[PDB]
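Pasting input.cif here (mmCIF, C-alpha atoms and all ligand atoms):
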```
data_entry
loop_
_atom_site.label_atom_id
_atom_site.label_comp_id
_atom_site.auth_asym_id
_atom_site.auth_seq_id
_atom_site.Cartn_x
_atom_site.Cartn_y
_atom_site.Cartn_z
CA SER A 1 99.31 -57.86 56.45
CA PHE A 2 95.73 -57.24 55.10
CA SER A 3 93.72 -60.39 54.33
CA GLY A 4 90.36 -61.11 52.72
CA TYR A 5 90.08 -57.86 50.76
CA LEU A 6 88.46 -57.50 47.37
CA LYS A 7 90.66 -55.48 45.00
CA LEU A 8 88.68 -52.62 43.42
CA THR A 9 91.52 -50.80 41.63
CA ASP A 10 95.39 -50.70 41.48
CA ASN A 11 95.40 -49.21 45.01
CA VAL A 12 91.94 -49.50 46.59
CA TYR A 13 90.82 -52.64 48.46
CA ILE A 14 87.59 -53.31 50.35
CA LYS A 15 86.38 -55.75 53.01
CA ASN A 16 83.22 -56.25 55.07
CA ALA A 17 84.83 -55.81 58.46
CA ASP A 18 84.62 -54.00 61.75
CA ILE A 19 87.50 -51.46 61.49
CA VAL A 20 88.24 -51.87 65.26
CA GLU A 21 88.61 -55.65 64.88
CA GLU A 22 90.57 -55.17 61.67
CA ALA A 23 92.92 -52.66 63.36
CA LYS A 24 93.47 -54.99 66.35
CA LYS A 25 94.28 -57.85 63.97
CA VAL A 26 96.53 -56.04 61.45
CA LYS A 27 98.09 -53.37 63.77
CA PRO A 28 98.51 -51.23 60.61
CA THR A 29 100.89 -48.31 60.37
CA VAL A 30 97.87 -46.01 59.95
CA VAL A 31 94.25 -46.38 60.86
CA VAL A 32 91.97 -43.58 59.69
CA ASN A 33 89.38 -42.17 62.03
CA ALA A 34 86.16 -40.59 60.81
CA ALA A 35 86.80 -37.53 62.96
CA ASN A 36 84.96 -34.28 63.53
CA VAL A 37 86.70 -30.89 63.82
CA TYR A 38 86.62 -31.04 67.64
CA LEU A 39 88.01 -34.61 67.78
CA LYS A 40 85.00 -35.51 69.96
CA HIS A 41 84.88 -39.26 69.35
CA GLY A 42 81.31 -39.86 70.44
CA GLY A 43 79.73 -42.19 67.91
CA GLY A 44 80.15 -43.99 64.61
CA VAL A 45 83.66 -45.12 63.73
CA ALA A 46 85.22 -42.49 66.04
CA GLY A 47 83.25 -43.65 69.07
CA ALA A 48 84.13 -47.25 68.34
CA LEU A 49 87.88 -46.58 67.80
CA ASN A 50 88.00 -44.42 70.90
CA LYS A 51 86.20 -47.02 73.05
CA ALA A 52 88.74 -49.64 71.84
CA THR A 53 91.55 -47.42 73.18
CA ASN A 54 89.82 -47.25 76.60
CA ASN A 55 89.33 -43.47 75.97
CA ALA A 56 93.08 -42.86 75.53
CA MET A 57 92.33 -41.52 72.04
CA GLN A 58 89.91 -38.95 73.50
CA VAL A 59 92.37 -37.87 76.21
CA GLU A 60 95.12 -37.39 73.61
CA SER A 61 92.66 -35.62 71.31
CA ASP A 62 91.49 -33.14 73.97
CA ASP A 63 95.12 -32.18 74.61
CA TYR A 64 95.63 -31.78 70.83
CA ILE A 65 92.58 -29.47 70.55
CA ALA A 66 93.58 -27.47 73.64
CA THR A 67 96.94 -26.77 71.96
CA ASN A 68 95.94 -26.43 68.30
CA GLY A 69 92.25 -25.64 68.10
CA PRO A 70 89.80 -27.45 65.88
CA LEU A 71 90.64 -29.06 62.58
CA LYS A 72 89.14 -27.81 59.33
CA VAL A 73 86.42 -29.82 57.56
CA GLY A 74 88.49 -31.66 54.91
CA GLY A 75 91.57 -31.59 57.15
CA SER A 76 93.40 -34.08 59.28
CA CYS A 77 95.92 -34.61 62.00
CA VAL A 78 98.18 -37.53 62.88
CA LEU A 79 97.96 -38.75 66.44
CA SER A 80 98.84 -42.04 68.17
CA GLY A 81 97.17 -45.23 67.03
CA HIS A 82 97.25 -46.47 70.67
CA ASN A 83 96.52 -50.24 70.77
CA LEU A 84 95.03 -50.20 67.25
CA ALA A 85 97.79 -48.91 64.90
CA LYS A 86 101.15 -47.07 64.96
CA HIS A 87 99.26 -43.86 64.04
CA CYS A 88 95.73 -42.67 63.75
CA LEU A 89 95.03 -40.26 60.93
CA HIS A 90 92.00 -38.28 62.11
CA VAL A 91 90.33 -37.11 58.94
CA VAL A 92 87.29 -34.80 58.91
CA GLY A 93 84.93 -35.54 56.08
CA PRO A 94 81.96 -33.15 55.61
CA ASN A 95 78.98 -34.04 57.76
CA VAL A 96 75.91 -33.73 55.54
CA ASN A 97 73.77 -33.80 58.74
CA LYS A 98 75.53 -30.47 59.70
CA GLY A 99 75.00 -29.03 56.14
CA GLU A 100 78.71 -29.21 55.27
CA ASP A 101 79.80 -28.93 51.64
CA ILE A 102 79.91 -32.45 50.14
CA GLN A 103 82.55 -31.00 47.75
CA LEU A 104 84.94 -31.16 50.77
CA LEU A 105 84.97 -34.98 50.62
CA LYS A 106 87.69 -34.94 47.93
CA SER A 107 89.85 -32.65 50.13
CA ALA A 108 89.29 -35.06 53.05
CA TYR A 109 90.46 -38.05 50.98
CA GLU A 110 93.55 -36.12 49.79
CA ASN A 111 94.91 -36.48 53.33
CA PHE A 112 95.29 -40.22 52.68
CA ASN A 113 97.91 -39.49 50.00
CA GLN A 114 100.40 -38.52 52.71
CA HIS A 115 100.55 -42.19 53.87
CA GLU A 116 101.74 -45.11 51.74
CA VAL A 117 99.24 -47.58 53.25
CA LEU A 118 96.12 -47.05 55.36
CA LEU A 119 93.26 -48.97 56.95
CA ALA A 120 90.21 -46.68 56.60
CA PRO A 121 86.47 -46.32 56.70
CA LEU A 122 84.52 -44.59 53.89
CA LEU A 123 84.68 -40.89 54.74
CA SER A 124 81.44 -39.07 55.41
CA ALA A 125 79.53 -42.39 55.37
CA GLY A 126 77.41 -43.66 58.30
CA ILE A 127 76.36 -40.99 60.76
CA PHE A 128 78.09 -38.34 58.61
CA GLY A 129 75.15 -38.65 56.19
CA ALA A 130 76.81 -38.89 52.77
CA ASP A 131 76.04 -41.55 50.17
CA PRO A 132 78.67 -44.30 50.73
CA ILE A 133 78.61 -45.17 46.98
CA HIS A 134 79.65 -41.57 46.28
CA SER A 135 82.30 -41.74 49.05
CA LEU A 136 83.83 -44.88 47.50
CA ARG A 137 83.89 -43.19 44.07
CA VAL A 138 85.66 -40.11 45.50
CA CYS A 139 88.06 -42.42 47.35
CA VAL A 140 89.00 -44.31 44.17
CA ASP A 141 89.34 -41.10 42.17
CA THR A 142 91.37 -39.24 44.82
CA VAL A 143 93.52 -41.64 46.82
CA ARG A 144 96.66 -42.84 45.04
CA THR A 145 98.25 -44.59 48.03
CA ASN A 146 97.20 -48.10 49.15
CA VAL A 147 93.89 -47.87 51.00
CA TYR A 148 92.17 -50.85 52.67
CA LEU A 149 88.56 -49.95 53.26
CA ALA A 150 86.62 -51.58 56.07
CA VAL A 151 82.83 -51.45 55.60
CA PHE A 152 81.01 -52.57 58.75
CA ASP A 153 77.59 -53.24 57.23
CA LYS A 154 77.45 -56.46 55.01
CA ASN A 155 74.43 -55.19 53.05
CA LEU A 156 76.19 -51.90 52.29
CA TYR A 157 79.45 -53.76 51.42
CA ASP A 158 77.54 -55.92 48.90
CA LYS A 159 75.84 -52.85 47.42
CA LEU A 160 79.22 -51.05 47.13
CA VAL A 161 80.91 -54.00 45.40
CA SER A 162 77.97 -54.86 43.10
CA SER A 163 77.55 -51.24 41.97
CA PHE A 164 81.30 -50.49 41.60
CA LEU A 165 82.10 -49.25 38.16
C1 LIG B 1 96.31 -23.57 77.77
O1 LIG B 1 95.14 -24.31 78.15
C2 LIG B 1 94.12 -24.43 77.24
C3 LIG B 1 93.13 -25.30 77.68
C4 LIG B 1 92.07 -25.63 76.84
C5 LIG B 1 92.04 -25.08 75.57
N1 LIG B 1 91.16 -25.28 74.53
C6 LIG B 1 91.57 -24.54 73.45
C7 LIG B 1 92.68 -23.82 73.77
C8 LIG B 1 93.27 -22.67 73.00
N2 LIG B 1 94.24 -23.06 71.98
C9 LIG B 1 93.54 -23.46 70.76
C10 LIG B 1 95.14 -21.96 71.68
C11 LIG B 1 93.02 -24.19 75.12
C12 LIG B 1 94.07 -23.85 75.97
#
```
Give the structure from the file, written as structure tokens.
Amino acid sequence: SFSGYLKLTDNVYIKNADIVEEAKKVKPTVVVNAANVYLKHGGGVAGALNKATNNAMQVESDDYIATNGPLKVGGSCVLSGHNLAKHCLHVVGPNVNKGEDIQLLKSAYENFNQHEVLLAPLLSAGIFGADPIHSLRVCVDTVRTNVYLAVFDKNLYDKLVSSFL
């Protein structure tokens, strides 16, 4: 099970960790991907998770998009977790760098409530351009299931913990 996490609330935990390394170690039931609507896993968390699957995530994702079309911003889909988890919950947080409504971050986090326990990154953080402090706040105030947050950057992790109300 999950080790070395700092407990923020009744159900939200946080750790300074590489989500790929964490997923390979824990083999959780669900790992969350910071997906885009096209499931094009090019960079950030998505690029890293996909590279860890030797591109099997991208191949599965392209078939999913060919069949279903793009996801909605704020939406999700469950696909295989490959060598990282039982499942991957691809969740699309708004990309501030694409001018997407930051208000959609709460809708994005609501997808986590369909899973009792998840390993996840902060949605819309990193290359998605949102303030990670705000993302953690929305996470805590939206997710009711058990979420283990992996924050890659130590400096950001320390800032998130030290500023957590
Ligand atoms: C039936 O073959 C394809 C191949 C690629 C595709 N990309 C998107 C679609 C259309 N689908 C969303 C209905 C598609 C179909």
task = Rank A:131, A:28, A:62, A:1 by their smallest atom-to-atom distance to ligand LIG 1 (chain B), using all atoms listed in the file, and report the top residue only.
result = A:62
task = Check which residues fall inside 12 Å of ligand LIG 1 (chain B) when counting all atoms listed in the file, and print them as an MDAnalysis selection string.
result = chainID A and resid 38:39 61:71
key: Residue among A:149, A:143, A:48, A:23 lying closest to residue A:115, counting all atoms listed in the file   =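 Checking each of A:149, A:143, A:48, A:23 against residue A:115, counting all atoms listed in the file, the winner is A:143.
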request  = Can you pull out every residue within 7 Å of stretch 109-111 of chain A, counting only C-alpha atoms, but drop anything in the same chain fewer than 5 positions away, and send it as a list in words?
outcome  = residues 76, 139, 142 and 143 of chain A
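Considering the residues A:16, A:124, A:114, A:83 and counting only C-alpha atoms, residue A:50 has its shortest atom-to-atom contact with A:83.
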request  = Quote the spacing between atom CA of residue A:11 and atom CA of residue A:125 in Å to one decimal place.
outcome  =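 Distance between the two atoms: 20.1 Å.
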key: Length of the atom CA of residue A:86 to atom CA of residue A:57 vector [Å]   =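 Computing it gives 12.6 Å between the two atoms.
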Just the residues within 12 Å of residue A:101, please, counting all atoms listed in the file, with nothing from its chain fewer than 4 positions along; format it as a short mmCIF file (atom, residue, chain, number, x, y, z; two decimals) with C-alpha atoms, keeping the file's coordinate frame.
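Contents of out_18.cif, freshly written:
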```cif
data_model
loop_
_atom_site.label_atom_id
_atom_site.label_comp_id
_atom_site.auth_asym_id
_atom_site.auth_seq_id
_atom_site.Cartn_x
_atom_site.Cartn_y
_atom_site.Cartn_z
CA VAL A 73 86.42 -29.82 57.56
CA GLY A 74 88.49 -31.66 54.91
CA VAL A 92 87.29 -34.80 58.91
CA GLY A 93 84.93 -35.54 56.08
CA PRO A 94 81.96 -33.15 55.61
CA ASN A 95 78.98 -34.04 57.76
CA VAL A 96 75.91 -33.73 55.54
CA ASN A 97 73.77 -33.80 58.74
CA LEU A 105 84.97 -34.98 50.62
CA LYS A 106 87.69 -34.94 47.93
CA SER A 107 89.85 -32.65 50.13
CA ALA A 108 89.29 -35.06 53.05
CA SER A 124 81.44 -39.07 55.41
CA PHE A 128 78.09 -38.34 58.61
CA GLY A 129 75.15 -38.65 56.19
CA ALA A 130 76.81 -38.89 52.77
#
```
ask   = From the set A:82, A:144, A:27, A:72, which residue has the shortest atom-to-atom contact distance to residue A:54, counting only C-alpha atoms?
value = A:82
key: Interatomic distance, atom CA of residue A:41 to atom CA of residue A:91 (Å, one decimal)   =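 Distance reported for this atom pair: 11.9 Å.
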Exercise: residue A:120 partners within 7 Å, all atoms listed in the file, chain neighbours under 6 positions left out, as a PDB file with C-alpha atoms, keeping the file's coordinate frame:
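File written: selection39.pdb
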```pdb
ATOM      1  CA  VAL A  31      94.250 -46.380  60.860  1.00  0.00           C
ATOM      2  CA  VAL A  32      91.970 -43.580  59.690  1.00  0.00           C
ATOM      3  CA  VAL A 147      93.890 -47.870  51.000  1.00  0.00           C
ATOM      4  CA  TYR A 148      92.170 -50.850  52.670  1.00  0.00           C
ATOM      5  CA  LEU A 149      88.560 -49.950  53.260  1.00  0.00           C
ATOM      6  CA  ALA A 150      86.620 -51.580  56.070  1.00  0.00           C
TER       7      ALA A 150
END
```
Since the input is missing atoms, can you rebuild N, CA and C atoms for stretch 86-116 of chain A and write them as a JSON list (two decimals), keeping the file's coordinate frame?
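The resulting file, rebuild.json, is reproduced below:
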```
[["chain", "number", "residue", "atom", "x", "y", "z"],
["A", 86, "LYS", "N", 100.04, -47.93, 64.57],
["A", 86, "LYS", "CA", 101.15, -47.07, 64.96],
["A", 86, "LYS", "C", 100.59, -45.62, 65.10],
["A", 87, "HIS", "N", 99.84, -45.18, 64.09],
["A", 87, "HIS", "CA", 99.26, -43.86, 64.04],
["A", 87, "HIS", "C", 97.79, -43.92, 63.74],
["A", 88, "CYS", "N", 97.08, -42.89, 64.16],
["A", 88, "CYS", "CA", 95.73, -42.67, 63.75],
["A", 88, "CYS", "C", 95.70, -41.37, 62.97],
["A", 89, "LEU", "N", 95.23, -41.44, 61.73],
["A", 89, "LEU", "CA", 95.03, -40.26, 60.93],
["A", 89, "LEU", "C", 93.58, -39.85, 61.09],
["A", 90, "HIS", "N", 93.34, -38.81, 61.87],
["A", 90, "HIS", "CA", 92.00, -38.28, 62.11],
["A", 90, "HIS", "C", 91.65, -37.41, 60.95],
["A", 91, "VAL", "N", 90.71, -37.85, 60.14],
["A", 91, "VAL", "CA", 90.33, -37.11, 58.94],
["A", 91, "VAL", "C", 88.90, -36.63, 59.08],
["A", 92, "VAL", "N", 88.62, -35.37, 58.81],
["A", 92, "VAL", "CA", 87.29, -34.80, 58.91],
["A", 92, "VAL", "C", 86.65, -34.71, 57.54],
["A", 93, "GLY", "N", 85.75, -35.64, 57.27],
["A", 93, "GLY", "CA", 84.93, -35.54, 56.08],
["A", 93, "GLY", "C", 83.76, -34.60, 56.38],
["A", 94, "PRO", "N", 83.14, -33.99, 55.36],
["A", 94, "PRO", "CA", 81.96, -33.15, 55.61],
["A", 94, "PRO", "C", 80.82, -33.99, 56.19],
["A", 95, "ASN", "N", 80.12, -33.41, 57.15],
["A", 95, "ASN", "CA", 78.98, -34.04, 57.76],
["A", 95, "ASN", "C", 77.78, -33.38, 57.08],
["A", 96, "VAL", "N", 77.11, -34.16, 56.25],
["A", 96, "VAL", "CA", 75.91, -33.73, 55.54],
["A", 96, "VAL", "C", 74.80, -33.38, 56.55],
["A", 97, "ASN", "N", 74.76, -34.08, 57.69],
["A", 97, "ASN", "CA", 73.77, -33.80, 58.74],
["A", 97, "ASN", "C", 74.02, -32.46, 59.46],
["A", 98, "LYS", "N", 75.19, -31.82, 59.23],
["A", 98, "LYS", "CA", 75.53, -30.47, 59.70],
["A", 98, "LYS", "C", 75.56, -29.45, 58.51],
["A", 99, "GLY", "N", 75.04, -29.85, 57.34],
["A", 99, "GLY", "CA", 75.00, -29.03, 56.14],
["A", 99, "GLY", "C", 76.35, -28.66, 55.55],
["A", 100, "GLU", "N", 77.38, -29.50, 55.80],
["A", 100, "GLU", "CA", 78.71, -29.21, 55.27],
["A", 100, "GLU", "C", 78.83, -29.55, 53.79],
["A", 101, "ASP", "N", 79.63, -28.77, 53.07],
["A", 101, "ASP", "CA", 79.80, -28.93, 51.64],
["A", 101, "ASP", "C", 80.35, -30.31, 51.29],
["A", 102, "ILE", "N", 79.51, -31.12, 50.60],
["A", 102, "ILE", "CA", 79.91, -32.45, 50.14],
["A", 102, "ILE", "C", 81.15, -32.39, 49.26],
["A", 103, "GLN", "N", 81.37, -31.24, 48.57],
["A", 103, "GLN", "CA", 82.55, -31.00, 47.75],
["A", 103, "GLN", "C", 83.84, -31.15, 48.57],
["A", 104, "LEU", "N", 83.78, -31.00, 49.91],
["A", 104, "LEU", "CA", 84.94, -31.16, 50.77],
["A", 104, "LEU", "C", 85.38, -32.62, 50.97],
["A", 105, "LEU", "N", 84.60, -33.59, 50.46],
["A", 105, "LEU", "CA", 84.97, -34.98, 50.62],
["A", 105, "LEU", "C", 86.27, -35.30, 49.85],
["A", 106, "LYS", "N", 86.45, -34.70, 48.67],
["A", 106, "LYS", "CA", 87.69, -34.94, 47.93],
["A", 106, "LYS", "C", 88.90, -34.42, 48.72],
["A", 107, "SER", "N", 88.78, -33.20, 49.30],
["A", 107, "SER", "CA", 89.85, -32.65, 50.13],
["A", 107, "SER", "C", 90.16, -33.57, 51.32],
["A", 108, "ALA", "N", 89.11, -34.15, 51.92],
["A", 108, "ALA", "CA", 89.29, -35.06, 53.05],
["A", 108, "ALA", "C", 90.10, -36.29, 52.62],
["A", 109, "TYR", "N", 89.74, -36.87, 51.45],
["A", 109, "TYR", "CA", 90.46, -38.05, 50.98],
["A", 109, "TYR", "C", 91.89, -37.73, 50.59],
["A", 110, "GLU", "N", 92.17, -36.47, 50.16],
["A", 110, "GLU", "CA", 93.55, -36.12, 49.79],
["A", 110, "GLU", "C", 94.53, -36.31, 50.93],
["A", 111, "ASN", "N", 94.03, -36.24, 52.19],
["A", 111, "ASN", "CA", 94.91, -36.48, 53.33],
["A", 111, "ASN", "C", 95.52, -37.88, 53.30],
["A", 112, "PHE", "N", 94.78, -38.85, 52.72],
["A", 112, "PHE", "CA", 95.29, -40.22, 52.68],
["A", 112, "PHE", "C", 96.57, -40.35, 51.85],
["A", 113, "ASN", "N", 96.75, -39.43, 50.87],
["A", 113, "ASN", "CA", 97.91, -39.49, 50.00],
["A", 113, "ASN", "C", 99.22, -39.23, 50.70],
["A", 114, "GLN", "N", 99.18, -38.73, 51.95],
["A", 114, "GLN", "CA", 100.40, -38.52, 52.71],
["A", 114, "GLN", "C", 100.90, -39.79, 53.40],
["A", 115, "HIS", "N", 100.20, -40.94, 53.21],
["A", 115, "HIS", "CA", 100.55, -42.19, 53.87],
["A", 115, "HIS", "C", 100.55, -43.28, 52.83],
["A", 116, "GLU", "N", 101.62, -44.08, 52.78],
["A", 116, "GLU", "CA", 101.74, -45.11, 51.74],
["A", 116, "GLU", "C", 100.68, -46.21, 51.85]]
```
